[PDB]
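In what follows, a single structure is set out as structure tokens and then discussed.
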Amino acid sequence: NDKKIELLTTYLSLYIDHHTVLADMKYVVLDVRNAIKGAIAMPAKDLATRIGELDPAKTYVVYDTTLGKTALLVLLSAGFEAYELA
Amino acid sequence: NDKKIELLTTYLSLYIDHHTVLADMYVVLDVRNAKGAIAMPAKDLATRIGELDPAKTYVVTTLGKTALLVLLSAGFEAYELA
Amino acid sequence: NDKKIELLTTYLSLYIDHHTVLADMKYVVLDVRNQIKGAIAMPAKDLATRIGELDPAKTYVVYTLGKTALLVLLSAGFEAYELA
């Protein structure tokens, strides 16, 4: 039953534990909702067009579904290192 | 990240924009076993598969998933309301 | 649509009937969060530490957190399901 394990392993590696961002509050949070402190507002429907103003050196964390995922997918496809806030 | 992108890409291909459905009004399916749609419970979706038109695009927790799987296995082009 | 069916088939195989669990009442439910009568409290942050107490013959039902627990159980060889 390597499928479940493989699926869960990859599903989980998409999230950043609240306890991990905990040690940083390196990380740049990104609220991608539809208009938490230290959160640079930036809806997913715009994240693409505004992907230039993002510093690849910092790891991105997005929180809200599908909104988070899409935004997460944009970042990871672009090559950035990103996670979704658990 | 190929594995993440591969999982996020396929996961998201399962949903359809909630704004896109209302726009069109696609044949929505209230698959809850407990507006302007069709009551198509999951536990009864398989048995009532006949009623389904193999030319329309259907839009449907674990029940939503199950129903979609049923629709897609059957060969229908379905999606879950995001 | 093969990828989709492949993903749902495996995603769905991770859950267990909510009716079956109470129905059996070979299932040992586990409250992993840090309620449901009969559920054995066991935080996910401790599951990996108490993976020896579990009976390899009993089927486990876990009540991201719920998933991490499942992953621990399955990886160790235990047969587990997430309570749907």
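Residues are referred to by chain and number: the chain letter is A, B, ... according to the order shown in the structure tokens, the number counts from 1 in that chain, and ligands are numbered separately from 1 in the order shown.
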Report as a count of residues only the set of chain C residues whose atoms approach chain A to within 8 Å, with distances computed over only C-alpha atoms.
10
Which residues are near region 64-73 of chain A? Cut-off 10 Å, only C-alpha atoms, ignore same chain within fewer than 3 positions. Put them as a ChimeraX atom specification.
/A:14-15,30-34,42-48,60-61,76-86 /B:1,4-9,11-12,15,17,82
I need the residues from that last selection saved to file as a compact mmCIF listing (two decimals), in the first residue's frame (with N, CA, C and O atoms), if you can.
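Below is the file that was written, result.txt:
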# COMPACT_ATOMS: atom_id res chain seq x y z
N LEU A 14 3.23 19.58 1.22
CA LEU A 14 2.72 20.82 0.64
C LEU A 14 2.46 21.82 1.74
O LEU A 14 2.36 23.02 1.50
N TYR A 15 2.32 21.34 2.97
CA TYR A 15 2.04 22.25 4.06
C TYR A 15 3.22 22.53 4.98
O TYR A 15 4.13 21.70 5.16
N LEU A 30 1.56 35.11 2.56
CA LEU A 30 0.80 35.70 1.46
C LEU A 30 -0.68 35.33 1.56
O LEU A 30 -1.04 34.20 1.24
N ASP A 31 -1.52 36.28 1.98
CA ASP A 31 -2.97 36.06 2.08
C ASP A 31 -3.49 36.15 0.66
O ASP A 31 -3.39 37.20 0.02
N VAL A 32 -4.07 35.06 0.16
CA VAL A 32 -4.57 35.04 -1.21
C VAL A 32 -6.09 34.95 -1.32
O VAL A 32 -6.62 34.38 -2.27
N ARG A 33 -6.79 35.53 -0.34
CA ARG A 33 -8.25 35.49 -0.33
C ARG A 33 -8.87 36.49 -1.32
O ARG A 33 -8.36 36.69 -2.42
N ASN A 34 -9.97 37.11 -0.93
CA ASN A 34 -10.62 38.07 -1.80
C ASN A 34 -10.99 39.33 -1.01
O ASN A 34 -12.06 39.40 -0.40
N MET A 42 -2.43 39.59 -1.36
CA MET A 42 -2.14 39.30 -2.74
C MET A 42 -2.97 38.16 -3.26
O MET A 42 -2.51 37.03 -3.35
N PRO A 43 -4.23 38.44 -3.62
CA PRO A 43 -5.14 37.42 -4.13
C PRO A 43 -4.52 36.52 -5.19
O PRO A 43 -3.67 36.95 -5.97
N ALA A 44 -4.95 35.26 -5.20
CA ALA A 44 -4.47 34.27 -6.15
C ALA A 44 -4.78 34.69 -7.59
O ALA A 44 -3.97 34.46 -8.49
N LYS A 45 -5.94 35.31 -7.80
CA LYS A 45 -6.35 35.75 -9.13
C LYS A 45 -5.43 36.84 -9.67
O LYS A 45 -5.57 37.26 -10.81
N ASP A 46 -4.48 37.29 -8.85
CA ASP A 46 -3.54 38.32 -9.26
C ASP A 46 -2.10 37.87 -9.04
O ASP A 46 -1.18 38.38 -9.67
N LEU A 47 -1.91 36.93 -8.12
CA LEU A 47 -0.58 36.44 -7.81
C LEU A 47 0.27 36.23 -9.07
O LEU A 47 1.46 36.56 -9.08
N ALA A 48 -0.32 35.71 -10.13
CA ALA A 48 0.44 35.49 -11.35
C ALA A 48 1.09 36.80 -11.81
O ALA A 48 2.31 36.96 -11.74
N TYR A 60 7.92 31.29 0.58
CA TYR A 60 6.56 31.78 0.69
C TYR A 60 5.56 30.82 1.33
O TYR A 60 5.59 29.61 1.09
N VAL A 61 4.68 31.39 2.16
CA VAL A 61 3.64 30.63 2.87
C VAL A 61 2.30 31.28 2.54
O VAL A 61 2.12 32.48 2.78
N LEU A 76 5.16 27.24 -6.91
CA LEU A 76 6.00 26.06 -7.15
C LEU A 76 6.33 25.89 -8.64
O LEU A 76 7.42 25.45 -8.98
N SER A 77 5.39 26.24 -9.52
CA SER A 77 5.63 26.11 -10.95
C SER A 77 6.65 27.17 -11.34
O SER A 77 7.53 26.93 -12.16
N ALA A 78 6.52 28.35 -10.74
CA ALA A 78 7.43 29.41 -11.06
C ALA A 78 8.83 29.09 -10.56
O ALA A 78 9.79 29.73 -10.97
N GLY A 79 8.96 28.11 -9.69
CA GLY A 79 10.28 27.76 -9.19
C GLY A 79 10.54 28.23 -7.77
O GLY A 79 11.55 27.89 -7.16
N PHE A 80 9.63 29.02 -7.23
CA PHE A 80 9.79 29.49 -5.86
C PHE A 80 9.61 28.33 -4.88
O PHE A 80 9.08 27.28 -5.24
N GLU A 81 10.06 28.52 -3.65
CA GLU A 81 9.90 27.52 -2.60
C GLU A 81 8.70 28.03 -1.79
O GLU A 81 8.78 29.10 -1.18
N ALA A 82 7.60 27.28 -1.79
CA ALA A 82 6.41 27.71 -1.07
C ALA A 82 5.65 26.58 -0.37
O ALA A 82 5.80 25.40 -0.70
N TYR A 83 4.83 26.93 0.62
CA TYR A 83 4.06 25.95 1.35
C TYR A 83 2.73 26.58 1.69
O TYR A 83 2.58 27.79 1.59
N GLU A 84 1.76 25.77 2.09
CA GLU A 84 0.47 26.30 2.50
C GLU A 84 0.44 26.23 4.02
O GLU A 84 0.91 25.26 4.62
N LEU A 85 -0.12 27.27 4.63
CA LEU A 85 -0.23 27.33 6.09
C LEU A 85 -1.26 26.32 6.60
O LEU A 85 -2.47 26.47 6.35
N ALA A 86 -0.77 25.30 7.30
CA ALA A 86 -1.64 24.25 7.85
C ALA A 86 -2.79 24.82 8.68
O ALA A 86 -2.66 25.97 9.13
N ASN B 1 10.12 19.53 -6.83
CA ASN B 1 8.68 19.89 -6.71
C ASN B 1 7.79 19.23 -7.79
O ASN B 1 6.59 19.50 -7.84
N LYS B 4 4.86 17.59 -6.18
CA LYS B 4 3.88 18.53 -5.62
C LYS B 4 3.03 19.11 -6.74
O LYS B 4 1.80 19.12 -6.68
N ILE B 5 3.71 19.63 -7.76
CA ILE B 5 3.07 20.22 -8.92
C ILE B 5 2.17 19.17 -9.59
O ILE B 5 1.08 19.48 -10.05
N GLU B 6 2.62 17.91 -9.61
CA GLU B 6 1.82 16.86 -10.22
C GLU B 6 0.58 16.56 -9.39
O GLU B 6 -0.49 16.27 -9.93
N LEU B 7 0.69 16.64 -8.07
CA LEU B 7 -0.46 16.39 -7.22
C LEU B 7 -1.42 17.60 -7.22
O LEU B 7 -2.65 17.43 -7.32
N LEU B 8 -0.89 18.81 -7.15
CA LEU B 8 -1.73 20.00 -7.14
C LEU B 8 -2.44 20.18 -8.49
O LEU B 8 -3.61 20.56 -8.55
N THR B 9 -1.73 19.88 -9.56
CA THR B 9 -2.30 20.00 -10.90
C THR B 9 -3.48 19.03 -11.06
O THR B 9 -4.58 19.44 -11.43
N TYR B 11 -5.16 17.48 -8.62
CA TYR B 11 -6.17 17.75 -7.60
C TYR B 11 -7.11 18.85 -8.08
O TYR B 11 -8.33 18.72 -8.02
N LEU B 12 -6.52 19.94 -8.56
CA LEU B 12 -7.30 21.08 -9.05
C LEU B 12 -8.06 20.80 -10.34
O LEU B 12 -9.04 21.50 -10.65
N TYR B 15 -11.87 20.29 -9.88
CA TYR B 15 -12.88 21.29 -9.59
C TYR B 15 -13.17 22.23 -10.73
O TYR B 15 -12.37 22.41 -11.65
N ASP B 17 -14.98 26.22 -11.35
CA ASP B 17 -15.32 27.49 -10.72
C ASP B 17 -16.81 27.63 -10.38
O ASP B 17 -17.68 27.40 -11.23
N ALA B 82 -16.28 24.05 -6.68
CA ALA B 82 -15.24 24.58 -5.78
C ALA B 82 -15.84 25.67 -4.89
O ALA B 82 -17.09 25.77 -4.89
As a PyMOL selection string, please: every residue in chain A that DSSP puts in alpha helix (DSSP H).
chain A and resi 2-12+18-21+44-47+67-78
Write a file of the just-selected residues containing N, CA, C and O atoms, as a tab-separated table (two decimals), in the first residue's frame.
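Saved to out_18.tsv:
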chain	number	residue	atom	x	y	z
A	2	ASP	N	1.74	1.33	-0.97
A	2	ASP	CA	2.64	2.44	-1.16
A	2	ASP	C	1.92	3.65	-1.75
A	2	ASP	O	2.40	4.77	-1.65
A	3	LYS	N	0.76	3.42	-2.37
A	3	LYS	CA	-0.01	4.52	-2.96
A	3	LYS	C	-0.52	5.50	-1.91
A	3	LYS	O	-0.34	6.72	-2.05
A	4	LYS	N	-1.15	4.99	-0.85
A	4	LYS	CA	-1.66	5.85	0.21
A	4	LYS	C	-0.51	6.65	0.80
A	4	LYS	O	-0.58	7.87	0.93
A	5	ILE	N	0.53	5.93	1.20
A	5	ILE	CA	1.73	6.52	1.77
A	5	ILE	C	2.27	7.59	0.82
A	5	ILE	O	2.46	8.73	1.22
A	6	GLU	N	2.49	7.23	-0.44
A	6	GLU	CA	3.01	8.18	-1.41
A	6	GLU	C	2.08	9.39	-1.53
A	6	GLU	O	2.55	10.53	-1.53
A	7	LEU	N	0.77	9.14	-1.61
A	7	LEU	CA	-0.16	10.26	-1.71
A	7	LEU	C	-0.08	11.15	-0.46
A	7	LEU	O	0.07	12.38	-0.58
A	8	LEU	N	-0.14	10.55	0.74
A	8	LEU	CA	-0.09	11.31	1.99
A	8	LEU	C	1.24	12.03	2.16
A	8	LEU	O	1.29	13.16	2.64
A	9	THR	N	2.33	11.38	1.78
A	9	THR	CA	3.64	11.99	1.89
A	9	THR	C	3.73	13.27	1.06
A	9	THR	O	4.22	14.29	1.52
A	10	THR	N	3.25	13.20	-0.17
A	10	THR	CA	3.28	14.35	-1.06
A	10	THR	C	2.22	15.40	-0.71
A	10	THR	O	2.44	16.61	-0.86
A	11	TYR	N	1.06	14.95	-0.24
A	11	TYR	CA	0.01	15.88	0.17
A	11	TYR	C	0.53	16.69	1.36
A	11	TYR	O	0.39	17.91	1.42
A	12	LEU	N	1.13	15.99	2.32
A	12	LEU	CA	1.65	16.67	3.52
A	12	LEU	C	2.85	17.59	3.26
A	12	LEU	O	2.98	18.63	3.91
A	18	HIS	N	2.27	25.11	11.46
A	18	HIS	CA	2.12	26.39	12.15
A	18	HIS	C	3.24	26.56	13.19
A	18	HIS	O	3.59	27.68	13.58
A	19	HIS	N	3.79	25.43	13.62
A	19	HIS	CA	4.85	25.37	14.63
A	19	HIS	C	6.21	25.71	14.03
A	19	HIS	O	7.17	26.04	14.74
A	20	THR	N	6.29	25.62	12.71
A	20	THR	CA	7.52	25.90	11.99
A	20	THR	C	7.56	27.39	11.68
A	20	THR	O	8.60	28.03	11.84
A	21	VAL	N	6.44	27.94	11.23
A	21	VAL	CA	6.37	29.37	10.92
A	21	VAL	C	6.49	30.05	12.27
A	21	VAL	O	6.82	31.23	12.36
A	44	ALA	N	-4.95	35.26	-5.20
A	44	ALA	CA	-4.47	34.27	-6.15
A	44	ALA	C	-4.78	34.69	-7.59
A	44	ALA	O	-3.97	34.46	-8.49
A	45	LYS	N	-5.94	35.31	-7.80
A	45	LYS	CA	-6.35	35.75	-9.13
A	45	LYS	C	-5.43	36.84	-9.67
A	45	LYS	O	-5.57	37.26	-10.81
A	46	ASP	N	-4.48	37.29	-8.85
A	46	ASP	CA	-3.54	38.32	-9.26
A	46	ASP	C	-2.10	37.87	-9.04
A	46	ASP	O	-1.18	38.38	-9.67
A	47	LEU	N	-1.91	36.93	-8.12
A	47	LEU	CA	-0.58	36.44	-7.81
A	47	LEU	C	0.27	36.23	-9.07
A	47	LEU	O	1.46	36.56	-9.08
A	67	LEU	N	-8.19	27.83	-3.51
A	67	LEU	CA	-7.50	29.12	-3.63
A	67	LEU	C	-6.05	28.98	-3.20
A	67	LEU	O	-5.13	29.40	-3.91
A	68	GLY	N	-5.85	28.37	-2.04
A	68	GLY	CA	-4.51	28.18	-1.54
A	68	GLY	C	-3.72	27.32	-2.51
A	68	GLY	O	-2.61	27.68	-2.92
A	69	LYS	N	-4.31	26.18	-2.88
A	69	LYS	CA	-3.64	25.27	-3.80
A	69	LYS	C	-3.23	25.94	-5.10
A	69	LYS	O	-2.05	25.91	-5.45
A	70	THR	N	-4.18	26.55	-5.80
A	70	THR	CA	-3.83	27.23	-7.05
A	70	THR	C	-2.63	28.17	-6.80
A	70	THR	O	-1.62	28.06	-7.48
A	71	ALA	N	-2.75	29.07	-5.82
A	71	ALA	CA	-1.66	30.01	-5.50
A	71	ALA	C	-0.37	29.24	-5.24
A	71	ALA	O	0.69	29.61	-5.73
A	72	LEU	N	-0.48	28.17	-4.46
A	72	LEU	CA	0.66	27.34	-4.15
A	72	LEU	C	1.25	26.79	-5.44
A	72	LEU	O	2.46	26.82	-5.64
A	73	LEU	N	0.38	26.29	-6.33
A	73	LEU	CA	0.82	25.75	-7.61
A	73	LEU	C	1.48	26.82	-8.45
A	73	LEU	O	2.41	26.53	-9.19
A	74	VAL	N	1.01	28.06	-8.37
A	74	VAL	CA	1.65	29.09	-9.19
A	74	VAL	C	3.08	29.26	-8.73
A	74	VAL	O	4.00	29.19	-9.54
A	75	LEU	N	3.28	29.45	-7.43
A	75	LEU	CA	4.60	29.62	-6.86
A	75	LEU	C	5.58	28.48	-7.18
A	75	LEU	O	6.69	28.72	-7.67
A	76	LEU	N	5.16	27.24	-6.91
A	76	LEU	CA	6.00	26.06	-7.15
A	76	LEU	C	6.33	25.89	-8.64
A	76	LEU	O	7.42	25.45	-8.98
A	77	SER	N	5.39	26.24	-9.52
A	77	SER	CA	5.63	26.11	-10.95
A	77	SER	C	6.65	27.17	-11.34
A	77	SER	O	7.53	26.93	-12.16
A	78	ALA	N	6.52	28.35	-10.74
A	78	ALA	CA	7.43	29.41	-11.06
A	78	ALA	C	8.83	29.09	-10.56
A	78	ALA	O	9.79	29.73	-10.97
Report as number ranges by chain all protein, DNA and RNA residues lying within 10 Å of region 23-26 of chain B, evaluated on only C-alpha atoms, omitting residues in the same chain fewer than 6 positions from it.
B: 17, 36, 55-59, 78-79
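For the set B:40, B:32, B:80, B:49, the residue with the smallest atom-to-atom gap to residue 63 (chain B) is B:32, counting only C-alpha atoms.
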Show me, as a PyMOL selection string, the residues of chain B whose atoms get within 8 Å of chain C, using only C-alpha atoms for the distance check.
chain B and resi 10-11+13-14+61-62+65-66+69+72-73
Run DSSP on the backbone of this structure and report the residues of chain C it assigns to strand (DSSP E), as a list in words.
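Of chain C, only residues 15, 16, 27, 28, 29, 30, 31, 40, 41, 59, 60, 61, 62, 80, 81, 82 and 83 of chain C fall in strand (DSSP E).
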Go ahead and write the selection's residues with N, CA and C atoms as an mmCIF file, in the first residue's frame.
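Once everything was written out, this is selection_29.cif:
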data_model
loop_
_atom_site.group_PDB
_atom_site.id
_atom_site.type_symbol
_atom_site.label_atom_id
_atom_site.label_comp_id
_atom_site.auth_asym_id
_atom_site.auth_seq_id
_atom_site.Cartn_x
_atom_site.Cartn_y
_atom_site.Cartn_z
ATOM 1 N N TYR C 15 -10.119 6.759 3.595
ATOM 2 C CA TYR C 15 -11.160 6.925 4.602
ATOM 3 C C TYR C 15 -11.955 5.661 4.853
ATOM 4 N N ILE C 16 -12.566 5.625 6.036
ATOM 5 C CA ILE C 16 -13.409 4.524 6.475
ATOM 6 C C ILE C 16 -14.805 5.065 6.811
ATOM 7 N N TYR C 27 -12.157 -2.577 15.180
ATOM 8 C CA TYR C 27 -11.752 -1.183 14.961
ATOM 9 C C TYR C 27 -11.447 -0.421 16.250
ATOM 10 N N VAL C 28 -10.237 0.120 16.346
ATOM 11 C CA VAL C 28 -9.808 0.877 17.526
ATOM 12 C C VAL C 28 -9.635 2.356 17.159
ATOM 13 N N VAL C 29 -10.667 3.165 17.374
ATOM 14 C CA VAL C 29 -10.612 4.595 17.045
ATOM 15 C C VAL C 29 -9.523 5.308 17.859
ATOM 16 N N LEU C 30 -8.928 6.343 17.268
ATOM 17 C CA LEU C 30 -7.880 7.121 17.927
ATOM 18 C C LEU C 30 -8.062 8.626 17.753
ATOM 19 N N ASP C 31 -8.324 9.335 18.849
ATOM 20 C CA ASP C 31 -8.481 10.784 18.791
ATOM 21 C C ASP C 31 -7.069 11.347 18.739
ATOM 22 N N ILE C 40 -9.610 6.397 22.027
ATOM 23 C CA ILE C 40 -8.400 6.460 22.859
ATOM 24 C C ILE C 40 -7.547 7.690 22.564
ATOM 25 N N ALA C 41 -7.515 8.628 23.502
ATOM 26 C CA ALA C 41 -6.743 9.845 23.316
ATOM 27 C C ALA C 41 -5.299 9.526 23.006
ATOM 28 N N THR C 59 -7.554 -2.969 13.552
ATOM 29 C CA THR C 59 -7.597 -1.944 12.507
ATOM 30 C C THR C 59 -7.820 -0.613 13.209
ATOM 31 N N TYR C 60 -7.035 0.385 12.826
ATOM 32 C CA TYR C 60 -7.130 1.682 13.452
ATOM 33 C C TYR C 60 -7.838 2.755 12.639
ATOM 34 N N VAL C 61 -8.626 3.562 13.348
ATOM 35 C CA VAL C 61 -9.365 4.660 12.733
ATOM 36 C C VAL C 61 -8.916 5.969 13.365
ATOM 37 N N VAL C 62 -8.340 6.863 12.562
ATOM 38 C CA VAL C 62 -7.889 8.145 13.082
ATOM 39 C C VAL C 62 -8.996 9.186 12.981
ATOM 40 N N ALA C 80 -4.622 1.169 8.688
ATOM 41 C CA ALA C 80 -5.392 2.270 9.256
ATOM 42 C C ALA C 80 -6.272 3.000 8.244
ATOM 43 N N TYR C 81 -7.223 3.762 8.761
ATOM 44 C CA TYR C 81 -8.159 4.499 7.935
ATOM 45 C C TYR C 81 -8.479 5.784 8.666
ATOM 46 N N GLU C 82 -8.746 6.843 7.914
ATOM 47 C CA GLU C 82 -9.120 8.096 8.530
ATOM 48 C C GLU C 82 -10.644 8.092 8.637
ATOM 49 N N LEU C 83 -11.149 8.433 9.822
ATOM 50 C CA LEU C 83 -12.587 8.487 10.075
ATOM 51 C C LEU C 83 -13.231 9.578 9.230
#
Spatial neighbours of residue 47 (chain C), 9 Å, only C-alpha atoms, chain gap at least 2 places, as JSON, numbers by chain:
{"C": [32, 42, 43, 44, 45, 49, 50, 51, 69, 72, 73]}
Write out, as an mmCIF file, in the first residue's frame, the residues just selected, with N, CA and C atoms.
data_model
loop_
_atom_site.group_PDB
_atom_site.id
_atom_site.type_symbol
_atom_site.label_atom_id
_atom_site.label_comp_id
_atom_site.auth_asym_id
_atom_site.auth_seq_id
_atom_site.Cartn_x
_atom_site.Cartn_y
_atom_site.Cartn_z
ATOM 1 N N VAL C 32 -6.645 11.791 17.563
ATOM 2 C CA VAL C 32 -5.301 12.304 17.382
ATOM 3 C C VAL C 32 -5.083 13.790 17.636
ATOM 4 N N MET C 42 -4.778 10.175 21.977
ATOM 5 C CA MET C 42 -3.404 9.952 21.596
ATOM 6 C C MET C 42 -2.959 10.964 20.574
ATOM 7 N N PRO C 43 -2.455 12.108 21.044
ATOM 8 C CA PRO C 43 -1.989 13.176 20.162
ATOM 9 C C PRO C 43 -1.079 12.660 19.053
ATOM 10 N N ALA C 44 -1.209 13.266 17.877
ATOM 11 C CA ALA C 44 -0.406 12.896 16.720
ATOM 12 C C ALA C 44 1.088 13.060 17.017
ATOM 13 N N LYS C 45 1.421 14.060 17.832
ATOM 14 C CA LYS C 45 2.803 14.341 18.221
ATOM 15 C C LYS C 45 3.348 13.258 19.148
ATOM 16 N N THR C 49 5.636 7.971 19.012
ATOM 17 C CA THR C 49 6.348 7.554 20.215
ATOM 18 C C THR C 49 5.674 6.341 20.854
ATOM 19 N N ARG C 50 4.363 6.231 20.665
ATOM 20 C CA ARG C 50 3.572 5.135 21.217
ATOM 21 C C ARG C 50 3.126 4.179 20.104
ATOM 22 N N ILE C 51 3.981 3.982 19.108
ATOM 23 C CA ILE C 51 3.647 3.098 17.994
ATOM 24 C C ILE C 51 3.839 1.629 18.374
ATOM 25 N N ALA C 69 -1.109 11.362 11.117
ATOM 26 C CA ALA C 69 -1.316 10.173 11.960
ATOM 27 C C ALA C 69 -1.484 8.938 11.104
ATOM 28 N N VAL C 72 1.735 7.804 9.679
ATOM 29 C CA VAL C 72 2.590 7.122 10.631
ATOM 30 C C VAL C 72 2.167 5.662 10.734
ATOM 31 N N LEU C 73 0.878 5.460 10.979
ATOM 32 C CA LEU C 73 0.297 4.144 11.110
ATOM 33 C C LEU C 73 0.578 3.245 9.909
#
I need the residue nearest residue 38 (chain A) from this list: A:13, A:25, A:53, A:59. Use only C-alpha atoms for the distance.
A:25
